[PDB]
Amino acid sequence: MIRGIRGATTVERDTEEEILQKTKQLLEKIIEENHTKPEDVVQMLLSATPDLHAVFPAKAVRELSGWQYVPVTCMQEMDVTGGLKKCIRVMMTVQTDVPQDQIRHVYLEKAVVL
């Protein structure tokens, strides 16, 4: 079946180095936990709160071996009063047999409270 996998991390500052590292990690933990092979990934959406402008998060995807063909695009997360700042969110769509309740959704850094 096809199921979404969610993740979220935070950056300390709006630099390219930080954003690509926090995203790359978030992506490795998702892969680890859910055994995602790049070819089972339908598409990925990455969003970032309105305070992040230094690089597209999508750039870290093509720093993973075998991931250069997975289609990824980015969106601006809505601005909510009191929402977690400098937060990058991923919604990955994958072909999996794993049941809905057993998907490992990943929250790292300041996102551990989402």
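Quick note: we count residues from 1 along the sequence shown, nothing fancier.
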*So which stretch wins on mean C-alpha B-factor, 31-39 or 45-53?*
31-39
*Would you determine, from the values in the PDB entry, which of 17-25 and 99-107 has the greater average C-alpha temperature factor?*
17-25
*Which one of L84, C74, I88, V61 shows the biggest C-alpha B-factor in the PDB entry?*
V61
_Highest recorded C-alpha temperature factor, please, choosing from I2, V113, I5, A8._
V113
